[PDB]
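Engineer: Protein chains in written order, with the entry's author numbering: chain E, 61 to 119; chain G, 180 to 238; chain X, 8 to 263; chain W, 8 to 263; chain U, 12 to 281; chain R, 12 to 281; chain P, 2 to 12, 25 to 69; chain Y, 2 to 12, 25 to 69. Okay, handing you the structure first.
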Ligand SMILES: CCCCCCCCCCCCCCCC(=O)O
Ligand SMILES: CCCCCCCCCCCCCCCC(=O)O
């Protein structure tokens, strides 16, 4: 699916029971494949060290 | 860069309460995610980026 | 600009945001707090874990069905297996606490229903047979919701509790429970409800395992009614936050 | 009394009122304007048609389907056949302009969807084959929307542009396009979106036919999903208003 | 320049909702970590210095190199000036639509013997010449052609064993800045060359040996290094994704968005 | 800075007892030689300067060297940066648990011919390149690989016959100081690599010839030299005893406490 | 006609002089720290407040 | 913006100037003599007096 638009979409479906996991990914903004090609991902790869607070906005 | 010493953490998303949908409304939804750096963010030690490749000079 | 429908609560790490709700019923009007030194008894210095304790927990969500009678939890022992508040419970002879209960059940605009969230200090349940008393296993369960039973419980020689809803297990009128603090989850205009309970008890501090001083009850009055084709499964979820915990008399590990 | 959902824009004759929208993203923070005399070059006195130019135009509305990849327009040449702004484009060697883009797609509460309105200064599209370059006919069309293609374009000897969405034709990550100004049309909480673009270019003025400096893109991220029985055909419509136009160097009629 | 402080916060119960917003406005929320949790007062002495544009674009980089010999077919090397014939520099300039800066050139020249049967080869110190030819100027077709006199054109004489030569150049563009991306044709008929190739005429750069230097053949290597200074930038944009192909145009080969991994839950890369 | 004075003293008879104390308190007695005997007033102009940390740790030292050739299998040399691959420097830093300082690098490069039958060998001036690669960066697997362009990574071009090159580096550690000794694993399961090897990721250092330089084979030698500056230290400790074995860990071979001698009374070493 | 400025430290002065007649010969300026995020974040006409709901 | 200090003698001034913009480029500081043995010798809570018995 990385060759389609669906790479950016998170499926959410009505289940019959509660507590199922929607998704998860490690936090390694310069290494992990998730953030790798993101905007923040690119700028980091030029730099070795970083610190701060990453916001995650969901819609 | 990836190292086990400083490894960042984890992130998850769990159903708090199952999606409730009326009749005639679509069952499945989608959720898009965003990333940004707060105003305390900082970086250091510029380097090369492994992503971009090359073979011989472009023409 | 502002709205009364929306609320945001923050304790320690956790945070709970709700875009549809009502105000927050506070106790009898006493905002929870620490212990003033006028009423103190224990002469050891109390532990105040603060952020380690104060925060929100989420128990097991329980399904809600057309025939579902209701549910009850016992707060002093529910959390006992969760987090440091479960650990700091086992290692102390005394504790003092107050609870913020937050119940979350949402539905679309096409789902009828009404719930009742009451928080009952010292609910004392009867027994199936008249002579015996309930067993410690029946009144409680770890993090799990115990539920009522819609029709009378046949009385054998067992220790079972009396689960009839209309008596609410305490042998009172269920219609009268609103003297205690409460709120109405109503699928029409609401989504979630909230309660803040200060510390209520006869003595200034208490042991946690012996005496369960606060009971939580969710009783549907108007069952869930919806036309076919809409989603069937609507869970209810409860969130329970201790506030201003204190502890005394550190001892060895266990309860026995 | 007031509301943030509602907005009314008036330029010249035309007016656009919307009862559901968000705020108006303004450029990079520079409200468009005329040319100060410090940076001027052309020594002829500029024409300022004002109301004759500044006003809203409406291009051809384009259907939006479950599989529809997306669309792009080129602003400097779109309007070229419409109104005096099309006429005043052909008779001058120079122009300076800024754009207010207003995109309108509405749906009922039962229609899922999300759109992305970005306005990309100097979008330079590649070619199908690696050696050639796109033809002037493929990158453009009069008032008509050119659309992407969801799957890779087979590379022959043609001049066709590379229409894959996930590369967005510029060979970048489509997920990153938000650095440019943008807004989200979302069938949930929105109806229409709005952008204001000041004049961006390397040199203070420019020829209009040669250099298309501003590209508009609408890319659906979450396709249209709706249960049967609801209306099928949902169009998208674009509205484009020049602002503070100027012109220099009157010449004969044509482009060649 | 310094990072902002994170201000402490106690508990909160209130109708003000920092944790909520609407991204549909195209507005990145300013929320700071003190809003959604409890926070202790902390002073940060971290500095944003090394993230400034100047330190980002200013490093020497090898754009290109050639080979020219002491005898035979190719006796000199000619190159038109574009940054885009080297991958890793071109990418660093594609963040910014409009860039402005003053080049600082540095050349690095080396010599290499070539296999031959010539007898009694005895070296002498070679001397390299490097001539710049602004556009439209005369173009030498042979090493001894008169153009090498350099009555005007800036030229540099260099010698092996000395330090590498260096010269600085000011801002040469016609407009108010260089342009990395240009959408349009060179001809009012929308025909001819498309893309940024039309804007770029920088002239040409040449090099030659001054003297034969020995009897045996010798091949030389020259290397150019840009070092932008005084940089200013405008209108940032997404970094490039697909590998480069040609130096005259943005043409690319379609490639996936990212790398892949196993099922969404999986916490490790593959 | 100066030595303290020794104050004179006459005879003494008194119940105050300087000469006695209890070492069980872990308290080194401050007694000065004037207490247990008679002493004349003496001014000392001796200075403790050369015993300061700065003069102790600051001297250039040869940590390591490699060999890379002009042709054949090995055309470049790669080395990860650790001080511990050289005995006498590593020991000087093992007094102090936590050290802080700013390296000053200096390279010394030499060339050597190799025996061959190649005819008409005629040298030219070689040019060495030295490239630093902070961690995680791209790793060249071949001399002509694109990575050598050094669009960013700090790199040095050097020439034979000139002075040895030098560059200074600031404090690169993440924490508040380098750590010489680290007790713990890299993994929360107490598994994997044990010891200081986990803390140390400094990146990698590379070198190559720029040009072949002649027909005949040539082998080169590079040498690195640290010169700590601005030093600060904490928590001193006992010097190391047994000979070193590995560079990744403190492993040692058991050896006696000291050398020996004859019967306790014997006044001379053996 | 010298000038004095401050180095980059963490927990001093250096003397620089321009020797040439052309601006492009002067050394790079590494020290300009001025930053105003408002030109990318918050590009809206109506100023929005953190403490309030976005769409009221 | 020079500076003046004293050499190391026994029985004079030198003029130094920092030419670079980075602290790590400045010359080593050889002259800091500050010494306080109390952090290794005498690490006790109750201050002990030389002239008195240790354990009384
Ligand atoms: C010996 C004198 C040598 C002079 C070197 C002149 C080199 C000119 C550099 C132009 C810089 C980068 C510009 C890209 C041009 C464009 O695409 O518009
Ligand atoms: C050409 C640029 C060369 C740069 C040289 C960088 C060398 C880094 C030196 C690190 C120093 C001593 C550190 C030991 C590390 C550890 O064990 O934590």
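Even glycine gets a Cβ: it sits at the ideal position worked out from N, Cα and C.
Sort 87/W, 18/W, 122/W by Cα distance to residue 195/W and report the nearest one.
Structural biologist: For residue 195/W, the closest of 87/W, 18/W, 122/W by C-alpha to C-alpha distance is 122/W.
Engineer: Tell me the rounded alpha-carbon separation between residue 97/X and residue 53/X.
Structural biologist: Residue 97/X and residue 53/X: Cα-Cα distance of roughly 15 Å.
Engineer: Could you pull the start and end residues of the beta strand (DSSP E) that residue 95/W belongs to?
Structural biologist: That residue, residue 95/W, is in no beta strand (DSSP E); its alpha helix (DSSP H) goes 90 to 97.
Engineer: What whole-angstrom Cβ distance do residue 49/X and residue 101/X have, given they're in contact under 8 Å?
Structural biologist: The C-beta distance from residue 49/X to residue 101/X rounds to 6 Å, short enough to meet the 8 Å contact threshold.
Engineer: Count the C-beta pairs between the segment 160 to 177 of chain U and the segment 121 to 138 of chain U that are closer than 8 Å, then say yes if the count reaches three, no if not.
Structural biologist: yes
Engineer: To which residues does DSSP link residue 156/X through a beta bridge?
Structural biologist: 171/X
Engineer: Any heavy atom of ligand 2 inside 6 Å of the beta-carbon of residue 116/R?
Structural biologist: yes
Engineer: What in chain W is Cβ-close to residue 250/U, meaning under 9 Å?
Structural biologist: 179, 180, 183
Engineer: Can you find a heavy atom of ligand 2 that lies under 6 Å from the Cβ of residue 225/G?
Structural biologist: no
Engineer: Within the same chain, show all residues whose beta-carbon is closer than 7 Å to that of residue 256/X, passing over the 5 residues directly before and after it, in chain order.
Structural biologist: 49, 51, 99, 100, 101
Engineer: So which of 214/U, 194/U, 205/U, 249/U has the shortest CA-CA distance to residue 183/U?
Structural biologist: Answer by Cα proximity: 214/U.
Engineer: Helix, strand or coil for residue 181/W, going by three-state DSSP, please let me know.
Structural biologist: In this structure, residue 181/W counts as helix in the three-state DSSP scheme.
Engineer: What three-state label does DSSP hand residue 52/Y in the structure shown?
Structural biologist: Residue 52/Y sits in a helix when the DSSP states are folded into three classes.
Engineer: I'd like to know whether the C-beta atoms of residue 190/W and residue 32/W end up nearer to each other than 7 Å.
Structural biologist: Yes, they are a contact pair.
Engineer: Using a Cβ-Cβ distance under 7 Å, would residue 115/E count as near chain G?
Structural biologist: Judged by the 7 Å Cβ criterion, residue 115/E is in contact with chain G.
Engineer: Can residue 143/U be considered in contact with ligand 3, in the sense that its beta carbon sits closer than 6 Å to one or more heavy atoms?
Structural biologist: No copy of ligand 3 appears in this structure; the ligands present are ligand 1 and ligand 2.
Engineer: Pull up the distance between the alpha-carbon of residue 147/X and that of residue 46/U, whole angstroms please.
Structural biologist: 37 Å
Engineer: So with Cβ pairs under 7 Å, would you call residue 68/P a contact of chain W?
Structural biologist: yes
Engineer: Rounded to whole angstroms, what is the Cα-Cα separation between residue 237/R and residue 179/R?
Structural biologist: It is roughly 10 Å from the alpha-carbon of residue 237/R to the alpha-carbon of residue 179/R.
Engineer: Under 7 Å between beta-carbons, which chain X residues line up against residue 222/G? List them in chain order, please.
Structural biologist: Within chain X, no residue comes near residue 222/G; the closest Cβ sits about 27 Å away, beyond 7 Å.
Engineer: Using DSSP with H/G/I as helix, E/B as strand and the rest coil, what is residue 215/R?
Structural biologist: strand
Engineer: Tell me the DSSP secondary structure of residue 42/R in three-state form.
Structural biologist: In this structure, residue 42/R counts as coil in the three-state DSSP scheme.
Engineer: Quick one: does the C-beta of residue 211/R sit closer than 6 Å to a heavy atom of ligand 2?
Structural biologist: Answer for residue 211/R: yes, Cβ within range of ligand 2.
Engineer: Tell me whether the segment 109 to 118 of chain E and the segment 208 to 220 of chain G touch, counting them as touching only if at least three CB pairs, one residue from each stretch, are closer than 8 Å.
Structural biologist: yes
Engineer: By alpha-carbon positions, which one of 167/W, 200/W, 186/W, 213/W ends up nearest to residue 186/U?
Structural biologist: 213/W
Engineer: Cβ atoms of residue 174/X and residue 135/X: under 7 Å apart, would you say?
Structural biologist: no
Engineer: Please name the residue in 262/X, 219/X, 238/X whose C-alpha comes closest to that of residue 104/X.
Structural biologist: 219/X
Engineer: Using beta carbons (cut-off 7 Å, strictly below), is residue 7/P in contact with chain U?
Structural biologist: no
Engineer: Is residue 189/R near ligand 2 - that is, is its Cβ less than 6 Å away from at least one heavy atom of it?
Structural biologist: yes
Engineer: Check each candidate in 246/W, 186/W, 251/W, 178/W and name the one with the smallest Cα separation from residue 22/W.
Structural biologist: Per the Cα distances, 246/W.
Engineer: At 7 Å on the CB atoms, spell out the chain U contacts of residue 103/X, in chain order.
Structural biologist: For residue 103/X, no chain U residue has a Cβ inside 7 Å of its Cβ, as the nearest lies near 18 Å away.
Engineer: Mind checking which residues open and close the beta strand (DSSP E) that includes residue 34/W?
Structural biologist: Careful: residue 34/W lies outside any beta strand (DSSP E) and carries neither H nor E.
Engineer: Using a Cβ-based criterion (distance less than 6 Å to any ligand heavy atom), does residue 180/R qualify as near ligand 2?
Structural biologist: yes
Engineer: Using 7 Å as the limit for Cβ to Cβ distance, is residue 196/X near chain E?
Structural biologist: no
Engineer: At a threshold of 6 Å, does residue 250/R count as lining ligand 1 (C-beta to nearest heavy atom)?
Structural biologist: no
Engineer: Comparing C-alpha positions only, which one of 48/R, 59/R, 106/R, 177/R sits nearest to residue 249/R?
Structural biologist: 106/R
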